[PDB]
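Everything below concerns the one structure shown next.
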Amino acid sequence: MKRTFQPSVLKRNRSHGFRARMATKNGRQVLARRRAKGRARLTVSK
Amino acid sequence: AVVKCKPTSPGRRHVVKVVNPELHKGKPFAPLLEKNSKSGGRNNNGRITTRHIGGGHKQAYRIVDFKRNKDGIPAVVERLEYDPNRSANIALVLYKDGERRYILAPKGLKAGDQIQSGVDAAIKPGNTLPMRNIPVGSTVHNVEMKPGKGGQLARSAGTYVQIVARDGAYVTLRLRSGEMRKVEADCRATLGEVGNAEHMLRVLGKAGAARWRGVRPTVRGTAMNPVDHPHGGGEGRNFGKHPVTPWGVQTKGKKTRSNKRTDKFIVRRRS
Amino acid sequence: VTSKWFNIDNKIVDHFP
RNA sequence: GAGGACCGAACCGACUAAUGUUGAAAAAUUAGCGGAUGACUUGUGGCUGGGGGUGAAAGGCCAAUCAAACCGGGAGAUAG
RNA sequence: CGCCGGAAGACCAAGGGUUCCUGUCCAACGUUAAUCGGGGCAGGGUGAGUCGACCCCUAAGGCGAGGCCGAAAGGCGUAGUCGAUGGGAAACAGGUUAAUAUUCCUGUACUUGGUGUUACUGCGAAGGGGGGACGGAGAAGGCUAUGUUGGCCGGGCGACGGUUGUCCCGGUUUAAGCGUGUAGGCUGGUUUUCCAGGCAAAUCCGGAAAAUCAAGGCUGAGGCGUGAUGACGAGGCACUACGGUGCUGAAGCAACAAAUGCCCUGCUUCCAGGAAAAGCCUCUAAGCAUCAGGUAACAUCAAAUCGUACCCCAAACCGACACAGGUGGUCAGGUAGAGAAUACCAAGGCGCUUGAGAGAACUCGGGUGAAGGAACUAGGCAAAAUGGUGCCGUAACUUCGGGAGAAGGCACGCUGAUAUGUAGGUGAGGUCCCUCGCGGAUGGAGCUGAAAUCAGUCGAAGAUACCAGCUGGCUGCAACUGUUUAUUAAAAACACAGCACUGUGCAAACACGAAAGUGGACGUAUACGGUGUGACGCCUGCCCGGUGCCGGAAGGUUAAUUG
RNA sequence: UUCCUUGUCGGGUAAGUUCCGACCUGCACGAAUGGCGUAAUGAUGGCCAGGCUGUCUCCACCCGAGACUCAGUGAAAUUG
RNA sequence: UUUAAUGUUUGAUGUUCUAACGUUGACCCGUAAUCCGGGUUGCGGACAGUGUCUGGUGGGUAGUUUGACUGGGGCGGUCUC
Ligand SMILES: N[C@@H](Cc1c[nH]c2ccccc12)C(=O)O
Ligand SMILES: [K+]
Ligand SMILES: [K+]
Ligand SMILES: [K+]
Ligand SMILES: [K+]
Ligand SMILES: [K+]
Ligand SMILES: [K+]
Ligand SMILES: [K+]
Ligand SMILES: [K+]
Ligand SMILES: [K+]
Ligand SMILES: [K+]
Ligand SMILES: [K+]
Ligand SMILES: [K+]
Ligand SMILES: [K+]
Ligand SMILES: [K+]
Ligand SMILES: [K+]
Ligand SMILES: [K+]
Ligand SMILES: [K+]
Ligand SMILES: [K+]
Ligand SMILES: [K+]
Ligand SMILES: [K+]
Ligand SMILES: [K+]
Ligand SMILES: [K+]
Ligand SMILES: [K+]
Ligand SMILES: [K+]
Ligand SMILES: [K+]
Ligand SMILES: [K+]
Ligand SMILES: [K+]
Ligand SMILES: [K+]
Ligand SMILES: [K+]
Ligand SMILES: [K+]
Ligand SMILES: [K+]
Ligand SMILES: [K+]
Ligand SMILES: [K+]
Ligand SMILES: [Mg+2]
Ligand SMILES: [Mg+2]
Ligand SMILES: [Mg+2]
Ligand SMILES: [Mg+2]
Ligand SMILES: [Mg+2]
Ligand SMILES: [Mg+2]
Ligand SMILES: [Mg+2]
Ligand SMILES: [Mg+2]
Ligand SMILES: [Mg+2]
Ligand SMILES: [Mg+2]
Ligand SMILES: [Mg+2]
Ligand SMILES: [Mg+2]
Ligand SMILES: [Mg+2]
Ligand SMILES: [Mg+2]
Ligand SMILES: [Mg+2]
Ligand SMILES: [Mg+2]
Ligand SMILES: [Mg+2]
Ligand SMILES: [Mg+2]
Ligand SMILES: [Mg+2]
Ligand SMILES: [Mg+2]
Ligand SMILES: [Mg+2]
Ligand SMILES: [Mg+2]
Ligand SMILES: [Mg+2]
Ligand SMILES: [Mg+2]
Ligand SMILES: [Mg+2]
Ligand SMILES: [Mg+2]
Ligand SMILES: [Mg+2]
Ligand SMILES: [Mg+2]
Ligand SMILES: [Mg+2]
Ligand SMILES: [Mg+2]
Ligand SMILES: [Mg+2]
Ligand SMILES: [Mg+2]
Ligand SMILES: [Mg+2]
Ligand SMILES: [Mg+2]
Ligand SMILES: [Mg+2]
Ligand SMILES: [Mg+2]
Ligand SMILES: [Mg+2]
Ligand SMILES: [Mg+2]
Ligand SMILES: [Mg+2]
Ligand SMILES: [Mg+2]
Ligand SMILES: [Mg+2]
Ligand SMILES: [Mg+2]
Ligand SMILES: [Mg+2]
Ligand SMILES: [Mg+2]
Ligand SMILES: [Mg+2]
Ligand SMILES: [Mg+2]
Ligand SMILES: [Mg+2]
Ligand SMILES: [Mg+2]
Ligand SMILES: [Mg+2]
Ligand SMILES: [Mg+2]
Ligand SMILES: [Mg+2]
Ligand SMILES: [Mg+2]
Ligand SMILES: [Mg+2]
Ligand SMILES: [Mg+2]
Ligand SMILES: [Mg+2]
Ligand SMILES: [Mg+2]
Ligand SMILES: [Mg+2]
Ligand SMILES: [Mg+2]
Ligand SMILES: [Mg+2]
Ligand SMILES: [Mg+2]
Ligand SMILES: [Mg+2]
Ligand SMILES: [Mg+2]
Ligand SMILES: [Mg+2]
Ligand SMILES: [Mg+2]
Ligand SMILES: [Mg+2]
Ligand SMILES: [Mg+2]
Ligand SMILES: [Mg+2]
Ligand SMILES: [Mg+2]
Ligand SMILES: [Mg+2]
Ligand SMILES: [Mg+2]
Ligand SMILES: [Mg+2]
Ligand SMILES: [Mg+2]
Ligand SMILES: [Mg+2]
Ligand SMILES: [Mg+2]
Ligand SMILES: [Mg+2]
Ligand SMILES: [Mg+2]
Ligand SMILES: [Mg+2]
Ligand SMILES: [Mg+2]
């Protein structure tokens with residue numbers, strides 16, 4: 001039956017995209033933590 | 001005219017509807033319409049701040065004139081119309097210069113009647129005058145509280161205000177609730193009563209009819225758990241406590257008016 | 001993983017009240 | 001030609017029985033069953049955030065987790 | 001040979017991202033083998049002025065210069081600026097690749113801008129007005145898609161009795177555009193004068209008055225003509241790597257039936273009273289005035305960029321799987337049928353990635369059963385049974401609607417006649433009239449076609465299969481339709497229309513917010529919030545001592561403060 | 001809602017702790033945390049009858065898919 | 001002890017006033033703007049409202065407590081001399 005993940009690229013970018021993290025102070029700290037860890041993919045983008 | 005429906009269904013058995021055949025069967029006047037989208041009872045924080053509001057039929061707003069400050073120019077009544085935003089009916093009037101406006105339709109007013117606002121108008125239903133020019137004892141509606149602000153009191157169907165006394169710069173009104181209020185005599189009022197006086201004689205008949213007006217169901221506090229409502233809880237049907245609101249404030253008797261800057265205008269509270 | 005359903009089921013598990 | 005009208009497919013649901021129970025499936029299948037122009041159902045987007053939301057009210061639901069979500073930290077909490 | 005065929009066929013959106021096509025390989029992957037594959041390796045494949053995005057315009061909502069507010073971080077919000085799931089210019093038929101096509105080729109079209117020439121001319125907006133622009137249900141009329149039959153054309157004369165005929169098989173297709181303006185729908189038209197309105201102006205909109213005309217205008221499916229001396233075309237002939245390729249090519253009409261599609265954003269009706277903004281049309285202001293600009297014709301130039309393969313009810317998406325699950329839209333053939341149910345079929349697509357034997361108990365899914373018929377069991381659980389249309393007939397009770405399909409019963413196939421096919425529907429020719437055409441009257445050929453009666457006839461059975469109510473009597477609870485414990489509870493629980501109490505005079509009570517503010521409500525006591533009860537009928541008795549709430553002010557007690 | 005209790009009486013059955021009607025001794029009903037009725041409605045609770053039947057007396061046979069044998073692939077819980 | 005008078009006032013109540021303060025009244029401007037600010041005016045007016053201090057109320061919310069013995073716990077009884 002219907003599971004929990006129903007993909008949609010528009011709602012994926014508007015919620016966890018780059019421009020959405022960079023909008024608030026707390027979202028720019030998520031990016032600072034992921035650069036400090038050294039992740040190959042900062043956000044879930046294209 | 002109230003008409004009882006026939007019990008061809010269990011949802012039609014108790015319906016009583018108020019049907020007025022003089023209403024305009026057609027579209028409203030377009031230049032006086034606005035968009036009016038619904039809230040759900042939610043404020044700019046997103047939260048429900050008033051409960052039991054939601055859904056309903058789509059409605060458009062009719063820009064009604066509550067000020068009536070087009071003095072000196074006579075106006076003829078064109079038609080009576082339906083307004084989904086209020087309990088009373090509205091009348092479309094046409095001034096001599098070619099301007100059209102909506103007003104609250106008073107009792108007994110038909111299509112073709114002549115109305116006129118201003119300080120020198122005649123004492124007949126539909127005319128708006130400052131309350132220093134209205135005889136003591138008259139029945140008015142659409143009363144102002146501040147001069148030039150617009151009518152605020154006695155707006156809904158069948159309601160009216162009585163002018164009890166005039167002493168100085170103030171007039172004493174008998175509000176529809178039974179309250180005696182002082183209002184300054186420069187404020188305007190309209191002669192007569194508000195029409196559609198049998199709006200209160202209707203019976204919705206079924207639970208879906210209340211949902212067409214954007215009224216969602218009320219759950220009784222005694223039917224919840226203690227975490228939800230002060231009345232919640234019980235093994236069976238218990239109550240055992242003084243009735244209160246969902247936020248613990250005593251209902252059924254406890255007064256809630258605390259406004260010290262308007263107490264001087266109130267002669268006698270309602271009883 | 002989730003446990004075996006018969007270990008969850010109140011009738012089977014709580015047999016000696 | 002009205003109706004929260006009637007019988008009944010799509011569509012929405014979930015009353016009974018049998019099977020399955022290291023399943024074909026972490027809730028289904030088969031045979032029956034209820035609503036089916038409405039308080040209906042559905043696509044796309046949006047808003048409400050944790051002692052908070054939302055709730056036709058079952059402590060129900062809030063990503064297979066809910067009488068207080070999840071992640072990280074205080075943290076090697078404390079454990080007669 | 002079997003299965004699906006309102007899909008298990010075809011086309012997409014979302015999502016995925018090379019799974020597409022060709023060659024080659026079989027270690028691993030595939031629940032077995034594999035020469036095969038959505039597997040490995042290499043190469044190829046996605047072509048647009050018109051399709052979609054981008055673009056212009058906005059909804060819910062987001063962000064938000066100044067601003068208001070807040071220990072800081074920040075919150076709200078004006079001017080603005082974004083934001084589709086909505087509004088806004090334009091293309092069709094045929095052919096072609098292993099793989100793309102409304103994109104390539106052939107034929108025939110259309111749209112919006114820039115520039116230039118000629119002719120004429122009051123152009124101009126961040127402003128005014130119009131338009132865009134809108135609900136549910138219902139009914140009917142006119143049509144088409146489509147189908148069937150006849151005619152026409154090509155072929156056939158049948159493995160076993162018959163088959164030159166009232167016989168058998170196949171085909172009978174053609175678009176956008178351009179021209180005409182029909183069934184239907186709406187509306188009176190024109191001219192002159194004036195005006196407290198449309199933030200100023202206006203010749204535009206609104207209002208007033210007068211004169212005059214019996215018509216005008218707008219909208220509109222389909223048909224017809226052209227597009228088309230073309231294209232396609234059953235077949236036939238000629239080659240071949242036997243896959244395919246090349247050439248030629250007949251008829252290509254009529255009647256009837258007919259949509260859930262179109263006219264129709266229509267019409268009628270009801271109450272619950274049904275987006276916004278731009279493109280578009282028009283008016284003028286500041287302004288410019290032999291300028292610029294506007295209108296029409298002609299010529300010329302431009303229309304960029306990104307997507308385009310393939311799967312999409314699924315082995316490619318969400319479910320850890322090549323997983324009996326989930327997933328929005330579009331298309332909708334035949335016979336029977338009311339039907340998108342159901343049975344059998346067409347186009348098309350498949351036989352579900354372990355098989356071969358045997359014919360024990362026992363389990364699962366089914367078929368039938370002597371005599372009995374609930375004796376079974378907690379309980380008729382489960383099974384069995386009823387089941388259609390038409391007609392006759394139908395009780396208590398009732399809120400007069402119901403109960404009710406109550407219960408119960410009868411007819412039902414086929415053939416012939418009434419009637420070489422009836423009632424009904426459609427309607428050619430011919431004739432007449434004018435308004436001379438997509439017109440009206442008459443007329444009836446042809447086509448289509450129930451239902452009934454009478455007579456006969458076959459079987460055990462004629463609603464023959466699939467499909468398709470079990471019925472009745474007494475009683476508890478809840479009035480009723482609804483809602484609920486996703487995943488052991490659907491209920492007597494929740495809700496409900498109705499009733500009552502109570503708060504609230506508007507900067508309302510109340511709720512969310514350190515606040516600003518927002519909802520209540522662009523509402524105003526016939527309104528709004530909270531509480532309890534729960535349709536309707538007859539009703540709702542006594543107690544204010546306790547706790548709570550409402551009112552009172554004399555007296556007693558009583559905080560900071562003063563000292 | 002009634003402990004005593006399967007109260008007592010009547011109906012229905014050959015036989016009825018359930019059901020229906022009545023009595024009143026209401027352990028411990030009662031008027032809007034409503035009382036008593038009530039047509040229609042309910043995948044609601046209890047009881048009775050007709051029809052129908054493998055539910056049963058009491059099982060028998062048959063048609064398929066497994067179980068069994070052969071070839072290929074090849075698990076799991078548990079375990080001093 | 002007890003009062004009246006004058007001068008002055010303190011505290012109380014009342015009455016007017018406007019100039020602080022309020023305005024979710026009207027109009028004008030910034031301005032293409034239902035925010036905001038400024039100006040004019042009207043209506044309230046030393047009230048309301050806010051800060052500090054203070055009495056009351058306050059399961060709306062929070063942190064916690066709710067003994068042991070015991071022929072099992074609870075109930076009952078007991079706990080020192
Ligand atoms: N036994 C059932 C239902 C079930 C699922 N999860 C459960 C948990 C508890 C009891 C039963 C269940 C099953 O295995 O499908
Ligand atoms: K407009
Ligand atoms: K309720
Ligand atoms: K309870
Ligand atoms: K109807
Ligand atoms: K219908
Ligand atoms: K919707
Ligand atoms: K929490
Ligand atoms: K999670
Ligand atoms: K291999
Ligand atoms: K497999
Ligand atoms: K769109
Ligand atoms: K314009
Ligand atoms: K005009
Ligand atoms: K393509
Ligand atoms: K065997
Ligand atoms: K039936
Ligand atoms: K239910
Ligand atoms: K419930
Ligand atoms: K009230
Ligand atoms: K509002
Ligand atoms: K008392
Ligand atoms: K009392
Ligand atoms: K009392
Ligand atoms: K009792
Ligand atoms: K007896
Ligand atoms: K007896
Ligand atoms: K009742
Ligand atoms: K039920
Ligand atoms: K019943
Ligand atoms: K002032
Ligand atoms: K004060
Ligand atoms: K002991
Ligand atoms: K013992
Ligand atoms: Mg409410
Ligand atoms: Mg209510
Ligand atoms: Mg509960
Ligand atoms: Mg509580
Ligand atoms: Mg109780
Ligand atoms: Mg219905
Ligand atoms: Mg559900
Ligand atoms: Mg089920
Ligand atoms: Mg089913
Ligand atoms: Mg049904
Ligand atoms: Mg139905
Ligand atoms: Mg159904
Ligand atoms: Mg509805
Ligand atoms: Mg969950
Ligand atoms: Mg906690
Ligand atoms: Mg530890
Ligand atoms: Mg520590
Ligand atoms: Mg690959
Ligand atoms: Mg392939
Ligand atoms: Mg293999
Ligand atoms: Mg493949
Ligand atoms: Mg491959
Ligand atoms: Mg590969
Ligand atoms: Mg903002
Ligand atoms: Mg700081
Ligand atoms: Mg925009
Ligand atoms: Mg292809
Ligand atoms: Mg406009
Ligand atoms: Mg056609
Ligand atoms: Mg020939
Ligand atoms: Mg021949
Ligand atoms: Mg022969
Ligand atoms: Mg033929
Ligand atoms: Mg705009
Ligand atoms: Mg997938
Ligand atoms: Mg999958
Ligand atoms: Mg995984
Ligand atoms: Mg498979
Ligand atoms: Mg699958
Ligand atoms: Mg579906
Ligand atoms: Mg079918
Ligand atoms: Mg086929
Ligand atoms: Mg043998
Ligand atoms: Mg067998
Ligand atoms: Mg038998
Ligand atoms: Mg027999
Ligand atoms: Mg028995
Ligand atoms: Mg027995
Ligand atoms: Mg049964
Ligand atoms: Mg009877
Ligand atoms: Mg009757
Ligand atoms: Mg009847
Ligand atoms: Mg009958
Ligand atoms: Mg009983
Ligand atoms: Mg009910
Ligand atoms: Mg559960
Ligand atoms: Mg459940
Ligand atoms: Mg259930
Ligand atoms: Mg209320
Ligand atoms: Mg109740
Ligand atoms: Mg009482
Ligand atoms: Mg008191
Ligand atoms: Mg007895
Ligand atoms: Mg029994
Ligand atoms: Mg009894
Ligand atoms: Mg009681
Ligand atoms: Mg009681
Ligand atoms: Mg009571
Ligand atoms: Mg009763
Ligand atoms: Mg129901
Ligand atoms: Mg083996
Ligand atoms: Mg192992
Ligand atoms: Mg172990
Ligand atoms: Mg004062
Ligand atoms: Mg506590
Ligand atoms: Mg602690
Ligand atoms: Mg102890
Ligand atoms: Mg003890």
Side-chain angles (χ1 to χ4, degrees), chain A residues 1-11 23 25, chain B residues 6-14 17 28 35-37 39 41-51 53 55-61 72-73 82 84-87 94-100 145-149 152-159 175-177 179 181 184 196-197 199-200 203-213 216-225 227-228 231 237-239 242-257 259-262 266 270, chain C residues 1-2 5-6 9-11:
Chain A
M1 65 297 295
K2 204 214 253 223
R3 298 305 182 190
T4 46
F5 182 50
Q6 306 300 329
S8 176
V9 176
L10 180 62
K11 292 169 71 165
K25 183 262 325 183
Chain B
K6 287 202 168 179
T8 62
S9 309
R12 292 296 288 198
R13 179 185 290 281
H14 302 295
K17 47 194 191 176
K35 186 179 77 71
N36 203 251
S37 160
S39 66
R42 283 132 170 106
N43 73 336
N44 57 3
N45 285 334
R47 308 272 193 95
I48 287 180
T49 48
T50 310
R51 306 180 313 175
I53 300 173
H57 205 284
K58 191 175 193 169
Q59 293 170 342
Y61 186 67
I73 316 160
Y82 184 78
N85 311 284
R86 67 199 66 248
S87 65
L94 171 67
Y95 288 93
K96 302 247 199 203
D97 46 10
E99 173 173 1
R100 284 196 173 79
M145 305 213 276
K146 295 214 226 293
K149 192 186 183 177
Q152 284 181 311
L153 309 164
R155 273 191 187 180
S156 86
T159 52
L175 297 190
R176 179 81 182 111
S177 47
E179 199 206 58
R181 186 161 236 271
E184 65 183 1
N196 197 15
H199 159 87
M200 73 171 176
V203 174
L204 298 189
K206 55 176 189 159
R211 304 292 308 263
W212 304 333
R213 304 168 145 82
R216 299 194 63 240
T218 308
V219 189
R220 284 171 294 113
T222 184
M224 306 172 173
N225 295 120
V227 69
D228 296 324
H231 298 183
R237 302 195 174 124
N238 303 146
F239 197 80
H242 301 299
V244 296
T245 75
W247 300 274
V249 179
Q250 219 270 332
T251 179
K252 259 173 215 303
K254 190 158 136 93
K255 294 176 162 51
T256 48
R257 174 191 171 81
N259 198 8
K260 286 182 195 171
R261 49 166 293 266
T262 60
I266 292 176
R270 81 186 187 278
Chain C
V1 81
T2 317
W5 70 270
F6 47 98
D9 189 5
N10 294 279
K11 170 74 68 170

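We name chains A, B, ... by the order of the sequence lines, and we start the count at 1 in each one. In what follows, every heavy atom counts, from backbone to side chain, and hydrogens, waters and symmetry copies are set aside.
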Query raised in the report: Between E/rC271 and B/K58, is there an OP1 or OP2 to side-chain N/O distance shorter than 4.0 Å?
Result: no
Report task. Verify the contact: side-chain N or O of B/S9 to OP1 or OP2 of E/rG401, cut-off strictly under 4.0 Å; return yes or no. Result -> no
Query - Residue B/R155, side-chain heavy atoms: nucleotide from D/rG4, E/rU531, E/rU524 that is nearest - result: E/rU524
Report task. List the steps, then state whether side chain to side chain contact (heavy atoms under 4.5 Å, CB included) holds for B/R237 with B/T222. Result -> CA-CA 8 Å; B/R237 302 195 174 124; B/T222 184; over 6 Å; no
Requested in this report: Using the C1' atom on both, measure D/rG20 against D/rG53 and round to a whole Å.
Outcome: 40 Å
Query raised in the report: Under a 3.5 Å rule for both distances, is E/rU22 the Watson-Crick or G-U wobble partner of E/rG365?
Result: no
Query raised in the report: Is B/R12 near enough to D/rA5 that one of its side-chain N or O atoms lies under 4.0 angstrom from OP1 or OP2?
Result: no
Report task. Could you please name the option among E/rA275, E/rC550, E/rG532 that lies closest to any side-chain atom of B/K255? Result -> E/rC550
Requested in this report: Kindly say if B/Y95 contacts the phosphate of E/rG206, meaning a side-chain N or O under 4.0 Å from OP1 or OP2.
Outcome: no
Query raised in the report: Quick check: does any side chain N or O of B/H231 sit under 3.5 Å from a backbone N or O of B/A223, one acting as donor and the other as acceptor?
Result: no
Query raised in the report: Between the base of E/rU518 and the side chain of B/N43, is there a donor-acceptor distance below 3.5 Å?
Result: yes
Query raised in the report: Using a cut-off of 4.0 Å on non-hydrogen atoms, how would the nucleic acid contact of B/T50 be classed: base, sugar-phosphate, or nothing?
Result: base
Query raised in the report: Counting only side-chain N and O atoms of B/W212, is one of them less than 4.0 Å from OP1 or OP2 of E/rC271?
Result: no
Query raised in the report: Is E/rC36 paired with E/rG293, either Watson-Crick or G-U wobble, both distances below 3.5 Å?
Result: no
Query raised in the report: When rounded to the nearest Å, what value does the distance between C1' atoms of D/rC11 and D/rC40 take?
Result: 10 Å
Requested in this report: Could you check whether B/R257 gets within reach of a base, just the sugar-phosphate, or nothing at all, counting any heavy atom under 4.0 Å?
Outcome: sugar-phosphate
Query - Of the listed nucleotides E/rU526, D/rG4, E/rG523, the one nearest the side chain of B/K206 - result: D/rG4
**Report entry** Short side-chain N/O contact to G/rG45 OP1/OP2 from B/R261, under 4.0 Å
**Finding:** no
Query - Aromatic-base stack, B/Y82 on E/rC271, cutoff 5.5 Å, angle under 30 - result: no
Requested in this report: Assign E/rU422 to north (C3'-endo side) or south (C2'-endo side) according to its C1'-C2'-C3'-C4' torsion.
Outcome: north
**Report entry** Annotated protein contacts, base or backbone, on nucleotides 54-66 of chain D with a non-hydrogen cut-off under 4.0 Å, one of B, S, - each
**Finding:** SBBB-B---BB--
Query raised in the report: Short question: side chain of B/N85, backbone of B/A60 - any donor-acceptor pair under 3.5 Å?
Result: yes
Query raised in the report: Given the P atoms of E/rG179 and E/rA91, what is the spacing between them in whole Å?
Result: 15 Å
Query - Shortest side-chain distance from A/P7, nucleotide among E/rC317, E/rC400, E/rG517 - result: E/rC317
Query raised in the report: If you check the B/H14 side chain, which of D/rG45, E/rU526, E/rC536 turns out closest?
Result: E/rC536
Report task. Give the nucleotide from the list E/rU524, E/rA59, E/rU526 with an atom nearest to the side chain of B/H199. Result -> E/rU526
Report task. Provide the distance between the two P atoms, one in D/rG46 and one in E/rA493, to the nearest whole Å. Result -> 41 Å
Query - B/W247 side-chain N/O to G/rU61 phosphate OP1/OP2 under 4.0 Å - result: no
Query raised in the report: How is the sugar of E/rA486 puckered by the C1'-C2'-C3'-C4' sign, north or south?
Result: south
Query - B/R86, nearest nucleotide to its side chain (from D/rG4, E/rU524, E/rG505) - result: E/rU524
Report task. Ignoring the backbone of B/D97, work out which of E/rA196, E/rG532, E/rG517 is nearest its side chain. Result -> E/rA196
Query raised in the report: Between B/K17 and B/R181, which is nearer to the 5' end of RNA chain E once each is assigned its nearest nucleotide?
Result: B/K17
Query - E/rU526 OP1/OP2 closer than 4.0 Å to side-chain N/O of B/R176 - result: yes
What are the atom names and distances for every N/O pair under 3.5 Å that joins the protein to nucleotides 545-548 of chain E?
from	atom 1	to	atom 2	distance (Å)
E/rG548	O4'	B/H242	NE2	3.1

**Report entry** E/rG530 OP1/OP2 closer than 4.0 Å to side-chain N/O of B/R51
**Finding:** yes
Query raised in the report: Expressed as a whole number of Å, how far does the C1' atom of E/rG424 sit from that of E/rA145?
Result: 28 Å
Query raised in the report: Roughly how far apart, to the nearest Å, are E/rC538 and E/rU398 at atom P?
Result: 15 Å
Query - Separation of the P atoms in E/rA272 and E/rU146, to the nearest angstrom - result: 46 Å
Requested in this report: Select base, sugar-phosphate, or nothing to describe what B/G208 touches, counting heavy atoms under 4.0 Å on all strands.
Outcome: base
Query raised in the report: Are A/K2 and E/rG326 close enough that a side-chain N or O sits under 4.0 Å from OP1 or OP2?
Result: no
Report summary line: Per the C1'-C2'-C3'-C4' dihedral, where positive means north and negative south, the sugar of F/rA22 is north
Query - Rounded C1' spacing from E/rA406 to E/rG393 in Å - result: 11 Å
Query raised in the report: Base, sugar-phosphate, or nothing for B/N238, non-hydrogen atoms under 4.0 angstrom?
Result: base
Query raised in the report: What nucleic acid atoms does C/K11 come within less than 4.0 Å of, heavy atoms only: base, sugar-phosphate, or nothing?
Result: nothing
Requested in this report: Assign C/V1 to base, sugar-phosphate, or nothing according to its heavy-atom contacts below 4.0 angstrom with the strands shown.
Outcome: nothing
Query raised in the report: Across the strands shown, which category fits B/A197 at heavy-atom distances under 4.0 angstrom: base, sugar-phosphate, nothing?
Result: base
Query raised in the report: Does one side chain, of B/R181 or B/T262, offer a donor that lies under 3.5 Å from an acceptor on the other?
Result: no
Query raised in the report: Under 4.0 Å: is that the gap between some side-chain N or O of B/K35 and OP1 or OP2 of E/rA277?
Result: no
Query raised in the report: Does D/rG3 have OP1 or OP2 sitting under 4.0 Å from an N or O in the side chain of B/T8?
Result: no
Report summary line: From the candidates E/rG530, E/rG273, E/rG274, the one with an atom nearest any side-chain atom of B/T251 is E/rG530
Query - Nucleotide nearest B/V203 when distance is taken to its side chain, options E/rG498, E/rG532, E/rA272 - result: E/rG498
Query raised in the report: Side-chain donor or acceptor of B/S177 under 3.5 Å from a matching atom on the base of E/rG505?
Result: yes
Query raised in the report: Reckon B/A60 touches a base, only the sugar-phosphate, or nothing at all at heavy-atom distances under 4.0 Å?
Result: sugar-phosphate
Query raised in the report: What does B/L204 touch in the nucleic acid at a heavy-atom separation under 4.0 angstrom: a base, only the sugar-phosphate, or nothing?
Result: sugar-phosphate
Report summary line: Of all heavy-atom pairs linking B/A209 and B/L204, the shortest is CB-O, 3.6 Å
Report task. Give one of base, sugar-phosphate or nothing for B/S156, where a contact means two heavy atoms less than 4.0 Å apart. Result -> sugar-phosphate
